[PDB]
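Novice: Dropping the structure in here first, questions after.
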Protein chains: 6
Amino acid sequence: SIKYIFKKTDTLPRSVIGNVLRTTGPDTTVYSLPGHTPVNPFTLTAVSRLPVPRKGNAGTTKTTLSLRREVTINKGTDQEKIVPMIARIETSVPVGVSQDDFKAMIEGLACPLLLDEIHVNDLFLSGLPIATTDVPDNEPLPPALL
Amino acid sequence: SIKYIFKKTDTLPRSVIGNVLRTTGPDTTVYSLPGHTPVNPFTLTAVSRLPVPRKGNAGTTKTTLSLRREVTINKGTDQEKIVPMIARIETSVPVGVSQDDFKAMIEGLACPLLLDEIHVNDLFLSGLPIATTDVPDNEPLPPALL
Amino acid sequence: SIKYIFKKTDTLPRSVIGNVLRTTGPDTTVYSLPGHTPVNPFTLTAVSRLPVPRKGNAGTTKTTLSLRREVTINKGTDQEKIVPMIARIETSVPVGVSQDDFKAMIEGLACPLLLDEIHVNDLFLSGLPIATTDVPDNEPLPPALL
Amino acid sequence: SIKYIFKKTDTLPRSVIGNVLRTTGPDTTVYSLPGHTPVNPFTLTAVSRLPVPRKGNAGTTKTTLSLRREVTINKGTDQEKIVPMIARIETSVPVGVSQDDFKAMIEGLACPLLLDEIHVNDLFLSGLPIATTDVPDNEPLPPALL
Amino acid sequence: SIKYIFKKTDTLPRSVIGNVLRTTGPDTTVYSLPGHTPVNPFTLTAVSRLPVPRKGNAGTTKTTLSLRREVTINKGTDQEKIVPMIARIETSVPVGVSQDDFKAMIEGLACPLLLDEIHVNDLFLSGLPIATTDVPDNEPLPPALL
Amino acid sequence: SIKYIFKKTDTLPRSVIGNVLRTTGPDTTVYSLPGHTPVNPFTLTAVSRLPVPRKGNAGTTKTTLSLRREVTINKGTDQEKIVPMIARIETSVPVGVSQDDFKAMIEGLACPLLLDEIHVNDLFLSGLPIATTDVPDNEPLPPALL
């Protein structure tokens, strides 16, 4: 039938608080987040590349948001190491696109991020395959995702 | 002071409903989403790459989720064109990473996705810089984002 | 006799409100103004070039402020086209200049901008010569313009 | 957030008074202003170029107003020198433009000219970057600048 | 015995007041200080370079603060010349360093700067060796400088 | 407006006590400070290069004062390391310079050194950008810094 890929959870997203650290390029700015020690850096890098219109073509805007934080893994144990975990949102939107359509697609894309620890460990860390869930035919159809 | 990068909005994520279309490779599976005509395809591709241990180095799990939808732009007008919009989540989690810390980063990353049409058009389509908002010192400090 | 080149009007200038868009170079910064769509861009570009001293010559500071709006022309009619209109202030001030003298020149220069629709359409759009008005010898002498 | 680029000041523009000096060309006329000595010339030059229609392209009207004053620098000191300061308005308006839209741009453009001595010396003479001022969210939204 | 290298003087440091002039690079920003004419410039340049981790090596933060002021020398006399004096603080702090220890070194380093005209002319201009002073064994031992 | 770059703090500088260790060159002398173990050396090196007058040119005196102390970083933890932190004052004063002017500039330069732990960690270790502080227009103007 039709299957849940990602069931929505009532887990609100954490607001993102920070302070601007350094502007690498004109299109690239880097923010330092809380807990950013020099030892264990925590940074959000934002790269927003504006659309250049060629003759007969509208531009296409690219936007990239990367959270990188280098954790001291297995500190207590010897041979403890500092290793970076990274999560990126990358988005290419051509000019003609409608804000309604793309905002709905974004809302859909945000769903796998806001999941419980069980699913998050099974998918993003362990690498286990995604478990499809049959939608109950008895229950109302989920939102169309425009 | 300290600035809101992305203020959290009370906008729940749309659940993601689909059906498995094809399995390109052993690590790559492609799902067809609602509204997927062959002319105007709309699909979630999922690429989960397991960690490969290296001598002296633990593996790192990579995970990539791409939504791609090819919209017809300005149909009524001349130069109607089918053009693809894409929104990707890409995540590299080294092995030793803790599920707690990484779910914290994920919850933070989901915040810019669930924004109002004004901010979303200003950032993802128009290409403006991020709208920063001074945190009221009087108001309580926002969540630390672990 | 002596003629009004531009009679002053009690028309206050609109304050200029915007948000910084991109910093092209170290001396060049580009602001996005209200109503800036990707389709119909609307921007203030500011280029402030510092004085470089020469052997035996003081420097001269150059300053350039350009408002560029690409407006859709004859939308309802066939052959509608997005065409740019531009208004620039360009100013070269040598170092030895007194702020008094130069603000006098500026106050003078501002006068033709703040005129009624009739004169503005006759001069800036139709291209007519400047409408000179004989100063009434009976009336007080206008400000000297330092 | 949204920033004042140039806050409007209640500083009326000086009316511009003069007398026609010479007509260099059919489109170019040069006015002599008060204080124009032969030693220290002071002139407004006006160049209004009519639109030339092109095959498939409407014309565009160009208009250029330049105030040039050659001031004596450091008279009391040795090496006193007559050096020119210039302030130009340059405006290109395509034919299809509405006088409403364009007078909006003009009113905006006039704002930085009518500023206090502190900002004028910081920007036009010293060469500092534009002083941006956060708009109070509490206060009313400034005029849209059409 | 043990010698005073630099005896502390009860001379408070002048607070540093300025205004941002230009941002040369992403790590380099230049401030114009009071008395900065283009002919006789006086500026604080600040270059803060982040630590770059190396495989097996923690980063090191470098920080450089340079005051440069070009004085007119012997103006009344012949061979009047504009010549620059420069005073720099340069600091390389590896990542693991403790703020306590480094603030101790800083406080110590500030001591030779805040000296009387006699010692300052003897050391920084004339070029004599450091004036060493035997610490009175009777008097209490000076602070350890951590 | 005008901004505090470094607000003066009522933190007196630590007097510098030491003992002469070795004279490397005629212009170079090296002092051993307290806590200088052979394991963890602590030294002030002073290099005062005298001015050589060329015909028609007064000399320029260079003076360099470097505190270097090699800390055992993260001693408790395994792979503890000895790493050197360094803070230098470097000063080039041409002959014609006035002791008054240069002593005022030195007093200014000493200000960022005598700051609180928060600012010192934010600037010298973390590498965060300098936070400019608006000077209260109501409050008296800070010292000019000659």
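The way I read the labels, and the way they are meant: chains A, B, ... in the order of the structure tokens, residue 1 as the first residue of every chain, and ligand 1 as the first ligand shown, with later ones counted on from there.
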Check every residue of chain A for an atom within 8 Å of chain C, counting only C-alpha atoms, and provide those that qualify as a PyMOL selection string.
Specialist: chain A and resi 26-27+95
Novice: Convert the current residue selection to file output with N, CA and C atoms, as a PDB file, in the first residue's frame.
Specialist:
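Generated output (result-v7.pdb):
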```
ATOM      1  N   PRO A  26      32.468  36.617   0.962  1.00  0.00           N
ATOM      2  CA  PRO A  26      31.265  37.456   0.843  1.00  0.00           C
ATOM      3  C   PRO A  26      29.992  36.642   0.947  1.00  0.00           C
ATOM      4  N   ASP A  27      30.014  35.415   0.427  1.00  0.00           N
ATOM      5  CA  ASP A  27      28.882  34.503   0.494  1.00  0.00           C
ATOM      6  C   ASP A  27      28.965  33.520   1.655  1.00  0.00           C
ATOM      7  N   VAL A  95      14.763  30.093  -9.531  1.00  0.00           N
ATOM      8  CA  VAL A  95      14.058  31.348  -9.268  1.00  0.00           C
ATOM      9  C   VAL A  95      12.547  31.158  -9.350  1.00  0.00           C
TER      10      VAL A  95
END
```
Novice: Applying 8 Å and only C-alpha atoms, which residues near residue 59 (chain D) remain after dropping the ones on its own chain fewer than 3 positions away? List them as a ChimeraX atom specification.
Specialist: /D:51-54,94-95
Novice: Go ahead and write the residues just picked, N, CA, C and O atoms, as an mmCIF file, in the first residue's frame.
Specialist:
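Final output, again-v7.cif:
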```cif
data_model
loop_
_atom_site.group_PDB
_atom_site.id
_atom_site.type_symbol
_atom_site.label_atom_id
_atom_site.label_comp_id
_atom_site.auth_asym_id
_atom_site.auth_seq_id
_atom_site.Cartn_x
_atom_site.Cartn_y
_atom_site.Cartn_z
ATOM 1 N N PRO D 51 16.071 60.233 -25.153
ATOM 2 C CA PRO D 51 16.095 58.811 -25.506
ATOM 3 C C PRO D 51 16.098 58.644 -27.018
ATOM 4 O O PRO D 51 15.345 59.310 -27.736
ATOM 5 N N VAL D 52 16.957 57.758 -27.496
ATOM 6 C CA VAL D 52 16.990 57.371 -28.903
ATOM 7 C C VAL D 52 16.353 55.995 -29.022
ATOM 8 O O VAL D 52 16.847 55.026 -28.427
ATOM 9 N N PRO D 53 15.236 55.864 -29.726
ATOM 10 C CA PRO D 53 14.594 54.558 -29.856
ATOM 11 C C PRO D 53 15.407 53.636 -30.743
ATOM 12 O O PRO D 53 15.968 54.042 -31.763
ATOM 13 N N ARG D 54 15.460 52.380 -30.333
ATOM 14 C CA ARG D 54 16.171 51.342 -31.052
ATOM 15 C C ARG D 54 15.131 50.354 -31.565
ATOM 16 O O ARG D 54 13.992 50.330 -31.093
ATOM 17 N N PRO D 94 14.534 54.574 -18.160
ATOM 18 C CA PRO D 94 13.902 54.092 -19.391
ATOM 19 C C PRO D 94 12.507 54.673 -19.567
ATOM 20 O O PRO D 94 11.894 55.172 -18.623
ATOM 21 N N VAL D 95 11.997 54.588 -20.798
ATOM 22 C CA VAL D 95 10.769 55.300 -21.144
ATOM 23 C C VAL D 95 9.573 54.760 -20.366
ATOM 24 O O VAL D 95 8.752 55.531 -19.845
#
```
Novice: Rounded to one decimal place, report the CA of residue 114 (chain D)-CA of residue 20 (chain C) distance in Å.
Specialist: 21.3 Å
Novice: DSSP on the backbone, strand (DSSP E) only: what residues of region 23-134 of chain D does that give? Format it as number ranges by chain.
Specialist: D: 28-32, 42-49, 60-73, 81-94, 133-134
Novice: Would you mind listing what lies within 12 Å of residue 80 (chain A) as a list in words, with only C-alpha atoms counted and same-chain residues fewer than 2 positions away left out?
Specialist: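 These residues fall inside the cut-off: residues 71, 72, 73, 74, 75, 76, 77, 78, 82 and 83 of chain A; 57, 58 and 96 of chain B; 77, 78 and 79 of chain F.
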Novice: To one decimal place, how far is CA of residue 66 (chain C) from CA of residue 91 (chain D) in Å?
Specialist: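 Value for the CA of residue 66 (chain C)-CA of residue 91 (chain D) distance: 9.5 Å.
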Novice: If you count only C-alpha atoms, which residues fall within 9 Å of residue 33 (chain A), apart from same-chain ones fewer than 5 positions away, as a ChimeraX atom specification?
Specialist: /A:16-21,41-44 /B:144-145
Novice: Could those residues be written to a file, using N, CA and C atoms, as a short mmCIF file (atom, residue, chain, number, x, y, z; two decimals), in the first residue's frame?
Specialist:
```cif
data_model
loop_
_atom_site.label_atom_id
_atom_site.label_comp_id
_atom_site.auth_asym_id
_atom_site.auth_seq_id
_atom_site.Cartn_x
_atom_site.Cartn_y
_atom_site.Cartn_z
N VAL A 16 17.91 28.01 17.66
CA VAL A 16 19.34 28.06 17.39
C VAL A 16 19.89 29.41 17.80
N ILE A 17 20.71 29.42 18.84
CA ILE A 17 21.26 30.65 19.40
C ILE A 17 22.76 30.62 19.19
N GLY A 18 23.34 31.77 18.85
CA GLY A 18 24.76 31.82 18.58
C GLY A 18 25.28 33.24 18.57
N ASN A 19 26.51 33.38 18.09
CA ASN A 19 27.09 34.70 17.88
C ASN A 19 28.03 34.64 16.69
N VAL A 20 28.00 35.68 15.86
CA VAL A 20 28.78 35.67 14.63
C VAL A 20 30.27 35.63 14.95
N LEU A 21 30.97 34.65 14.39
CA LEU A 21 32.40 34.48 14.64
C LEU A 21 33.27 35.14 13.58
N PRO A 41 35.65 22.77 19.11
CA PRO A 41 34.88 23.81 18.43
C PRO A 41 33.49 23.35 18.02
N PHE A 42 32.55 24.29 18.06
CA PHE A 42 31.16 24.09 17.66
C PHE A 42 30.82 25.25 16.73
N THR A 43 30.55 24.99 15.45
CA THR A 43 30.26 26.12 14.57
C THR A 43 29.19 25.78 13.55
N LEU A 44 28.35 26.79 13.26
CA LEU A 44 27.44 26.77 12.13
C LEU A 44 28.03 27.62 11.01
N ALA B 144 20.31 25.44 25.36
CA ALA B 144 21.73 25.46 25.06
C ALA B 144 22.10 24.69 23.80
N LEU B 145 21.21 23.83 23.28
CA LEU B 145 21.45 23.04 22.08
C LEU B 145 22.48 21.93 22.30
#
```
Novice: As a short mmCIF file (atom, residue, chain, number, x, y, z; two decimals) with N, CA, C and O atoms, in the first residue's frame, please: every residue in region 84-122 of chain D that a backbone DSSP assignment puts in helix (DSSP H, G or I).
Specialist:
```
data_model
loop_
_atom_site.label_atom_id
_atom_site.label_comp_id
_atom_site.auth_asym_id
_atom_site.auth_seq_id
_atom_site.Cartn_x
_atom_site.Cartn_y
_atom_site.Cartn_z
N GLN D 99 6.31 57.81 -13.30
CA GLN D 99 6.81 58.94 -12.53
C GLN D 99 6.68 58.70 -11.03
O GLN D 99 7.51 59.18 -10.25
N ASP D 100 5.68 57.92 -10.62
CA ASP D 100 5.52 57.58 -9.21
C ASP D 100 6.71 56.77 -8.71
O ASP D 100 7.37 57.14 -7.72
N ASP D 101 7.00 55.65 -9.39
CA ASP D 101 8.14 54.80 -9.02
C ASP D 101 9.42 55.61 -8.98
O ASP D 101 10.22 55.50 -8.03
N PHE D 102 9.63 56.44 -9.99
CA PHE D 102 10.92 57.11 -10.07
C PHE D 102 11.05 58.23 -9.04
O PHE D 102 12.13 58.44 -8.48
N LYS D 103 9.97 58.97 -8.77
CA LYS D 103 10.06 59.97 -7.71
C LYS D 103 10.27 59.30 -6.36
O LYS D 103 10.90 59.89 -5.48
N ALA D 104 9.77 58.08 -6.18
CA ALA D 104 10.09 57.32 -4.98
C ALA D 104 11.59 57.08 -4.86
O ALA D 104 12.21 57.33 -3.81
N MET D 105 12.21 56.57 -5.94
CA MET D 105 13.66 56.39 -5.90
C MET D 105 14.38 57.70 -5.62
O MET D 105 15.38 57.72 -4.90
N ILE D 106 13.91 58.80 -6.21
CA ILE D 106 14.60 60.08 -6.03
C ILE D 106 14.53 60.52 -4.57
O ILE D 106 15.53 60.96 -3.98
N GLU D 107 13.33 60.47 -3.99
CA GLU D 107 13.15 60.84 -2.59
C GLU D 107 14.05 60.01 -1.69
O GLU D 107 14.63 60.52 -0.72
N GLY D 108 14.17 58.71 -1.98
CA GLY D 108 15.13 57.90 -1.24
C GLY D 108 16.55 58.40 -1.41
O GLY D 108 17.28 58.59 -0.43
N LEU D 109 16.96 58.63 -2.66
CA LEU D 109 18.33 59.03 -2.96
C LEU D 109 18.70 60.35 -2.29
O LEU D 109 19.88 60.59 -2.00
N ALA D 110 17.72 61.22 -2.07
CA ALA D 110 18.03 62.52 -1.49
C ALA D 110 18.42 62.41 -0.02
O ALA D 110 19.15 63.27 0.49
N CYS D 111 17.97 61.35 0.66
CA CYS D 111 18.15 61.23 2.10
C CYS D 111 19.60 61.32 2.57
O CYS D 111 19.86 62.08 3.52
N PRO D 112 20.57 60.60 2.00
CA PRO D 112 21.95 60.71 2.52
C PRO D 112 22.56 62.08 2.34
O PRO D 112 23.49 62.45 3.07
N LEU D 113 22.09 62.86 1.36
CA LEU D 113 22.64 64.20 1.17
C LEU D 113 22.33 65.10 2.37
O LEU D 113 23.16 65.91 2.79
N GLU D 117 26.67 67.10 10.13
CA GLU D 117 28.09 67.22 9.82
C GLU D 117 28.87 65.98 10.24
O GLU D 117 29.83 65.59 9.56
N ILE D 118 28.47 65.35 11.34
CA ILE D 118 29.21 64.19 11.83
C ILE D 118 29.18 63.07 10.80
O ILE D 118 30.22 62.57 10.36
N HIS D 119 27.97 62.68 10.37
CA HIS D 119 27.86 61.61 9.37
C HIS D 119 28.46 62.03 8.04
O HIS D 119 29.09 61.21 7.36
N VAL D 120 28.29 63.29 7.65
CA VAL D 120 28.80 63.72 6.35
C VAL D 120 30.32 63.63 6.32
O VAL D 120 30.91 63.15 5.35
N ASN D 121 30.98 64.09 7.39
CA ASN D 121 32.43 64.00 7.45
C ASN D 121 32.89 62.55 7.57
O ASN D 121 33.93 62.18 7.01
N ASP D 122 32.13 61.72 8.28
CA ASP D 122 32.53 60.32 8.42
C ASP D 122 32.45 59.57 7.09
O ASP D 122 33.31 58.74 6.78
#
```
Novice: Quick one: residues within 10 Å of residue 136 (chain B), only C-alpha atoms counted, chain neighbours fewer than 5 positions away excluded, as a list in words?
Specialist: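 Skipping anything fewer than 5 positions along the chain leaves residues 1, 2, 3, 4 and 141 of chain B.
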Novice: Can you write out the residues you just picked, keeping C-alpha atoms, as a PDB file, in the first residue's frame?
Specialist:
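The result, written out as selection_33.pdb:
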```
ATOM      1  CA  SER B   1      25.428  40.307  22.704  1.00  0.00           C
ATOM      2  CA  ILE B   2      24.022  36.872  21.885  1.00  0.00           C
ATOM      3  CA  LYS B   3      21.747  36.611  18.860  1.00  0.00           C
ATOM      4  CA  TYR B   4      18.992  34.326  17.685  1.00  0.00           C
ATOM      5  CA  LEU B 141      18.084  32.204  28.032  1.00  0.00           C
TER       6      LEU B 141
END
```
Novice: Could you give me, as number ranges by chain, the residues within 7 Å of residue 90 (chain A), counting only C-alpha atoms and dropping anything in the same chain fewer than 3 positions from it?
Specialist: A: 63-65; B: 87-89
Novice: Just to be explicit: take each residue in the selection above, keep N, CA, C and O atoms, and write the result as a PDB file, in the first residue's frame.
Specialist:
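The resulting file, result-v2.pdb, is shown below:
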```
ATOM      1  N   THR A  63      21.857  27.307  -1.089  1.00  0.00           N
ATOM      2  CA  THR A  63      21.944  27.664   0.321  1.00  0.00           C
ATOM      3  C   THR A  63      22.450  26.454   1.089  1.00  0.00           C
ATOM      4  O   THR A  63      21.921  25.355   0.923  1.00  0.00           O
ATOM      5  N   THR A  64      23.482  26.637   1.909  1.00  0.00           N
ATOM      6  CA  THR A  64      24.104  25.520   2.613  1.00  0.00           C
ATOM      7  C   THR A  64      24.350  25.907   4.065  1.00  0.00           C
ATOM      8  O   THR A  64      24.986  26.928   4.341  1.00  0.00           O
ATOM      9  N   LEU A  65      23.834  25.094   4.986  1.00  0.00           N
ATOM     10  CA  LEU A  65      23.925  25.330   6.421  1.00  0.00           C
ATOM     11  C   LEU A  65      24.528  24.088   7.067  1.00  0.00           C
ATOM     12  O   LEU A  65      23.917  23.018   7.035  1.00  0.00           O
TER      13      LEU A  65
ATOM     14  N   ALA B  87      16.085  19.691  -1.879  1.00  0.00           N
ATOM     15  CA  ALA B  87      16.412  19.940  -0.477  1.00  0.00           C
ATOM     16  C   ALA B  87      16.997  18.667   0.135  1.00  0.00           C
ATOM     17  O   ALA B  87      16.332  17.624   0.152  1.00  0.00           O
ATOM     18  N   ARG B  88      18.247  18.751   0.614  1.00  0.00           N
ATOM     19  CA  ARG B  88      19.025  17.621   1.106  1.00  0.00           C
ATOM     20  C   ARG B  88      19.413  17.806   2.561  1.00  0.00           C
ATOM     21  O   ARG B  88      19.731  18.914   3.013  1.00  0.00           O
ATOM     22  N   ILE B  89      19.403  16.685   3.267  1.00  0.00           N
ATOM     23  CA  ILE B  89      20.032  16.549   4.566  1.00  0.00           C
ATOM     24  C   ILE B  89      21.223  15.623   4.361  1.00  0.00           C
ATOM     25  O   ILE B  89      21.064  14.527   3.820  1.00  0.00           O
TER      26      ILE B  89
END
```
Novice: May I ask for the distance between CA of residue 40 (chain C) and CA of residue 92 (chain D), given in Å to one decimal place?
Specialist: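 We find that CA of residue 40 (chain C) and CA of residue 92 (chain D) lie 16.9 Å from each other.
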